[PDB]
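In what follows, every heavy atom counts, from backbone to side chain, and hydrogens, waters and symmetry copies are set aside. In what follows, chains are A, B, ... by sequence order, proteins preceding strands, each numbered from 1.
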Amino acid sequence: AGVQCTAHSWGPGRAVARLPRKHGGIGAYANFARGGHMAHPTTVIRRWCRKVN
Amino acid sequence: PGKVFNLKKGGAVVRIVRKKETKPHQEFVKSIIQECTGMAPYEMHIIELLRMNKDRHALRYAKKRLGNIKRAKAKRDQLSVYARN
Amino acid sequence: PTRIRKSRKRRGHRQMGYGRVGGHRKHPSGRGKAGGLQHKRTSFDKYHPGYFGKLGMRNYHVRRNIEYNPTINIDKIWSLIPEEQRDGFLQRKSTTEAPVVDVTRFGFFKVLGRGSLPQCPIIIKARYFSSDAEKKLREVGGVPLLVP
Amino acid sequence: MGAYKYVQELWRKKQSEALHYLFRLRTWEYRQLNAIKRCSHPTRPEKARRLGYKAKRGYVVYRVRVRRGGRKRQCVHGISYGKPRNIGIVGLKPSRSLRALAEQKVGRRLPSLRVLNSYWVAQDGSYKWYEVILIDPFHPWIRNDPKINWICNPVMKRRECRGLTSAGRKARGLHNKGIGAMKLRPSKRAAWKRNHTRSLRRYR
Amino acid sequence: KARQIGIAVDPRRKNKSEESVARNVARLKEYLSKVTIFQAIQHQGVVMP
RNA sequence: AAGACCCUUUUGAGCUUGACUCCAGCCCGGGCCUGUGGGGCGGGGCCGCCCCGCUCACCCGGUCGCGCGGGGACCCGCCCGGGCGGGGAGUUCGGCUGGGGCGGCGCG
RNA sequence: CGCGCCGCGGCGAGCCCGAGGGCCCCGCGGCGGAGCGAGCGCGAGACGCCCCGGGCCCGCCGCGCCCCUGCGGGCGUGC
RNA sequence: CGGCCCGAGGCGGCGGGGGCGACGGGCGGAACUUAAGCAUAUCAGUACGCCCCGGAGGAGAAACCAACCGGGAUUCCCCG
Ligand SMILES: [K+]
Ligand SMILES: [K+]
Ligand SMILES: [K+]
Ligand SMILES: [K+]
Ligand SMILES: [K+]
Ligand SMILES: [K+]
Ligand SMILES: [K+]
Ligand SMILES: [K+]
Ligand SMILES: [K+]
Ligand SMILES: [K+]
Ligand SMILES: [K+]
Ligand SMILES: [K+]
Ligand SMILES: [K+]
Ligand SMILES: [K+]
Ligand SMILES: [K+]
Ligand SMILES: [K+]
Ligand SMILES: [K+]
Ligand SMILES: [K+]
Ligand SMILES: [K+]
Ligand SMILES: [K+]
Ligand SMILES: [K+]
Ligand SMILES: [K+]
Ligand SMILES: [K+]
Ligand SMILES: [K+]
Ligand SMILES: [K+]
Ligand SMILES: [K+]
Ligand SMILES: [K+]
Ligand SMILES: [K+]
Ligand SMILES: [K+]
Ligand SMILES: [K+]
Ligand SMILES: [K+]
Ligand SMILES: [K+]
Ligand SMILES: [K+]
Ligand SMILES: [K+]
Ligand SMILES: [K+]
Ligand SMILES: [K+]
Ligand SMILES: [Mg+2]
Ligand SMILES: [Mg+2]
Ligand SMILES: [Mg+2]
Ligand SMILES: [Mg+2]
Ligand SMILES: [Mg+2]
Ligand SMILES: [Mg+2]
Ligand SMILES: [Mg+2]
Ligand SMILES: [Mg+2]
Ligand SMILES: [Mg+2]
Ligand SMILES: [Mg+2]
Ligand SMILES: [Mg+2]
Ligand SMILES: [Mg+2]
Ligand SMILES: [Mg+2]
Ligand SMILES: [Mg+2]
Ligand SMILES: [Mg+2]
Ligand SMILES: [Mg+2]
Ligand SMILES: [Mg+2]
Ligand SMILES: [Mg+2]
Ligand SMILES: [Mg+2]
Ligand SMILES: [Mg+2]
Ligand SMILES: [Mg+2]
């Protein structure tokens, strides 16, 4: 989720912020962009159970 | 150490000693085949060395050809019988 | 639980305890254990003597069940006898009906000598003895024995 | 006894005058033919029976010629880029033996048959010749015969492509057991994946 | 014959001593007593633990 | 227009060579491929070399196989060994310092 | 997920919902219990509310002396 | 003139070829990255490229492990 598109930074010199952008210039691939991945996605390897003697 | 130390080892049970474990037909086949083939070229070289009493040279040459000392000793012994005259 | 953690008490503080002058960067010392002989030498000599180098013979394959060797002291021997029987044995310090304790059945090989025994004859069968385990046992009237 | 005990004894004397002459006439002839060729009958009938051949309808034999020597990498202008441990071009050795390569070449040419086994027949300075046994699995003599109709079942398609023949088994290391072989028994990939797995249990 | 009435047979194993035989012959002898060959009871778990 | 000059970063890339470590390719030697004969030199008490016939392997040409040749057990190929090798590959090119460099060395 | 330290619960020379089998029942290792020595290997009681220090005992390195089963045992001395 | 051997063209019945974002088998095979630099090492016997099956596949009835008062084909789980 969030990483099926193609996006790369434009770099400095074009008067825009440095995040990855889709072809056309749309923000992508950051947690602060509409449509990007989570900063730290949830995973099922969380320890769900607990032990008791 | 490859054993565990204890005196009286084996003192509780009685062990079973298994039997330790020719074929004149095979010797007969080799004698017919030997008759219509002869020996290999390396084997003929060894016989010539053995006739001249260069025993250590014969062993060196057989180790170089065969690559294993027990087989090289078994071959030079095998070839002396035809190399005595 | 996330709701009792120290990190949630830093909302509104610009920098979550990592400082303004220094800051929080990726790997300012390198990754892992690197640097132990150069720029972490003050750490490695203070807390880890004998981390660098070689020492002693090597064995290309150790046999774990050959080198295994359990041991028991003489002060633990009488606890192998069940409690229902200990009183009677102490009562009659017999030379002709002394208790026999075979320690391999309980899973020990050698008998060492820390401690002391009660004043009561007893027979101990094992695979090896230390010199003062034997000495304290013969002091009591006991005998050592070797077993298969 | 029978006759094949003498033939086996004879083939253990390849340096003799007799077999030196016959080995010479065969390499001259095989040099005059194509790389893959159908044979009427096995050139070595006793070795063919040792490996499972039977003179029935549905067994066939082809002779395969392969080239001798080492391996050269397919790198344009002889340039490997990258790290210096990976720079070599000539002087390498193939992972599979020449016997296994012979079976794979004839399986690709004849994909409607089943490869069984193979054996050596000749060599010279540039080539080795092997013979390959193949079974047609839709012939009724093959299908109705309990001795061979294991190969009529479909998990036996293109065996030489999957490393299941005897020469293909040797390159995977499977002629060994015990110490020195504990990391290859299902597969080299399978033992790696089993040994590197993180198993996160519920009551960890 | 023994495979037929439920005994596993391993011809690759060899006995190392005389006690190994007596302990297992007594185990074979006992099982042949408690076996019937044709409202019948099916035995659960390992037989003679 | 997050200086392109200048400096710093244990960030690069193009180019060069007497940087460091190497690779193709080429040259050289023995071996196997590999027949069947004749000779000379030397050594040690059988071994090493070298030379020259034949044709049958192997190789090349002419021909619409229309009335034919040339080479030859040497060359090629393969295995191992030695030399040449910025044509090409990867990487490095200290620090202090009244900015850096030249110089100097309170760098032990 | 691994390592260190601190707090609280249960049991304590013991402790333990492995895997598996019949929120309940049964369930091996393991870790702790003895250390030291490259290794052959040898192997701890003597004191003390607690803490700190002293003294002594075990192993590794050295060395008087006596002896049986002997380059093995015993009894000592020293960093 | 027939036989056997080694080949050629045709005819009949039957079989093969292609397809899949997983699992499985066989080959070829990186570099970023880490080492606070960088060549051995690591990343990784991974990405990716080619070939081949099945409902599973592969493996398998010792030219095995051991050193015991011994076990006994293959696969999978717990344990170090
Ligand atoms: K993407
Ligand atoms: K920005
Ligand atoms: K910015
Ligand atoms: K637990
Ligand atoms: K902090
Ligand atoms: K700071
Ligand atoms: K860093
Ligand atoms: K780092
Ligand atoms: K280090
Ligand atoms: K050393
Ligand atoms: K070929
Ligand atoms: K490169
Ligand atoms: K590169
Ligand atoms: K490297
Ligand atoms: K093998
Ligand atoms: K192994
Ligand atoms: K700038
Ligand atoms: K600049
Ligand atoms: K500047
Ligand atoms: K600049
Ligand atoms: K940088
Ligand atoms: K740089
Ligand atoms: K550039
Ligand atoms: K450039
Ligand atoms: K250049
Ligand atoms: K060069
Ligand atoms: K450079
Ligand atoms: K020592
Ligand atoms: K690779
Ligand atoms: K890399
Ligand atoms: K790499
Ligand atoms: K690099
Ligand atoms: K690197
Ligand atoms: K290394
Ligand atoms: K490397
Ligand atoms: K490497
Ligand atoms: Mg951008
Ligand atoms: Mg989203
Ligand atoms: Mg503040
Ligand atoms: Mg703010
Ligand atoms: Mg900092
Ligand atoms: Mg600062
Ligand atoms: Mg900051
Ligand atoms: Mg700027
Ligand atoms: Mg800029
Ligand atoms: Mg730096
Ligand atoms: Mg650069
Ligand atoms: Mg450059
Ligand atoms: Mg360059
Ligand atoms: Mg500077
Ligand atoms: Mg047809
Ligand atoms: Mg990465
Ligand atoms: Mg680095
Ligand atoms: Mg770095
Ligand atoms: Mg770098
Ligand atoms: Mg590895
Ligand atoms: Mg299968």
Taking syn as any angle within 90 degrees of 0 and anti as the rest, which one fits [N]?
N	answer
F:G44	anti
F:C20	anti
F:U34	syn
F:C66	syn

Open item on the list: With F:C96 and F:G104, is there a Watson-Crick or G-U wobble pair, both distances less than 3.5 Å?
Closed with: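 The answer is yes: F:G104 partners F:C96.
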Open item on the list: With F:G69 and F:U11, is there a Watson-Crick or G-U wobble pair, both distances less than 3.5 Å?
Closed with: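 Check failed, no canonical or wobble pair found.
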Open item on the list: I want to confirm an ordering. Mapping C:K110 and C:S131 to their closest nucleotides on RNA chain G, which one lands closer to the 5' end?
Closed with: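 Between the two, 5'-proximity favours C:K110.
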- [ ] Return the 5'-most residue of the pair C:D75, C:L55 with respect to RNA chain G, ranking by each residue's nearest nucleotide.
- [x]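 Closest to the 5' end, via its nearest nucleotide, is C:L55.
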- [ ] Can you check whether any acceptor in the base of H:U33 is under 3.5 Å from a donor in the side chain of D:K83, or vice versa?
- [x]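 When only heavy-atom distances are counted, D:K83 does reach the base of H:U33 through a donor-acceptor pair under 3.5 Å.
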Open item on the list: Output the pairing pattern of RNA chain G as a dot-bracket string, 5' first, Watson-Crick or G-U wobble with both distances under 3.5 Å, | for cross-strand pairs, [ ] for crossing pairs.
Closed with: .............(.....(((.)))....)...((....))....(......)......(.(.(((....))).).).
TODO: Between F:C68 and F:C49, how far apart are the P atoms? Round to whole Å, please.
DONE: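 Those two atoms are separated by 47 Å.
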Every protein N/O lying under 3.5 Å from an N/O of nucleotides 47-54 of chain H:
| unit_1 | atom_1 | unit_2 | atom_2 | d |
| --- | --- | --- | --- | --- |
| H:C53 | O2' | D:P154 | O | 3.4 |
| H:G54 | OP1 | D:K157 | NZ | 3.1 |

Open item on the list: Do the six-membered rings of G:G18 and G:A19 lie with centres under 5.5 Å apart and planes under 30° from parallel?
Closed with: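 Pair G:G18, G:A19 comes out stacked.
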